[PDB]
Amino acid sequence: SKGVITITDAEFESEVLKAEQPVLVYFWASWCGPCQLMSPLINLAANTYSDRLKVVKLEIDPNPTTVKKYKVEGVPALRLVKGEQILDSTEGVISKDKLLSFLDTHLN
């Protein structure tokens, strides 16, 4: 988990639901401007919590099943999960500081 892995609906169960660590799931789309600001930040979080968190990302268009499962009705969006448990969630661009606290609160 040094970085971010891009997954699809087909890989969701093995890469996320059955992962051993909590997973930060980032939803984005190519037509999403603000998503461009978040992508770099998500990559930073992955490197920063490399030993305690797995970070994955899904494009919404080709992945209808996961999008529906998490009620993703807007991008960018984040879901912090552990198996079937959703620990927290957020919508929209957030600052590096807000992201780090979002994570610290749950990882500790």
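Heads up: residue numbers just count along the shown sequence, starting at 1.
Legend entry - Stretch with the higher entry mean CA B-factor, where the candidates are 97-105 and 2-10: Per the PDB record, 97-105.
Inset, instruction - Look up the CA B-factors in the entry and say which stretch, 61-69 or 46-54, has the higher mean. - result: In the deposited entry, the stretch with the higher C-alpha B-factor mean is 46-54.
Legend entry - Options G33, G83, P76, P40 - largest CA temperature factor per the record: In this record, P40 carries the highest C-alpha B-factor of the candidates.
Legend entry - Chain-relative CA temperature factor third for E20: As the PDB entry reports it, the C-alpha B-factor of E20 lands in the highest third of its chain.
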